[PDB]
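Presented below is the structure to which this report refers.
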């Protein structure tokens, strides 16, 4: 159900943000084995998050909820942008490009913080 999906999507956002900030902490403390573990978890979580977002968008479309289709489209743009920085952040971690990885962590986390207040919008729209 659409509201049940949204209940699940709503919890993903703050967990994902937590993991990113933990990844920065682990990186700044030089704990690369932990950074890699966080990245793996984030890879699974982010996959599920984006799958849920896509499923909710198609469901809202079925129901003719034009208001929810638009809010969900904005969330998918932000998530696509995050996915691209994520790919680049992974590449930088593997090359050991510390400045690129740090600069990409800041910008991913600033995108993560900006998703959260938009998410409340989708709640009332469904």
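Miscellaneous remarks
- Cα-based helix-to-principal-axis angle, 32-62 vs the chain, degrees rounded to 10: 10
- Percent of Cα-Cα distances greater than 19 Å, calculated over the chain: 47
- Relative contact order for the chain: 33 percent, from Cα pairs under 8 Å spaced at least 6 residues apart, divided by residue count.
- Principal-axis tilt of helix 98-125 within the chain, Cα atoms, nearest 10 degrees: 20
- Principal-axis tilt of helix 2-28 within the chain, Cα atoms, nearest 10 degrees: 10
- Among 119, 35, the order by Cβ neighbours within 10 angstrom, fewest to most, reads 119, 35.
Every residue, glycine among them, receives a Cβ derived from its backbone with ideal geometry; neighbour counts consider all protein chains shown. Every read-out reported here was derived from the displayed coordinates using simple, explicitly stated rules and does not represent laboratory data.
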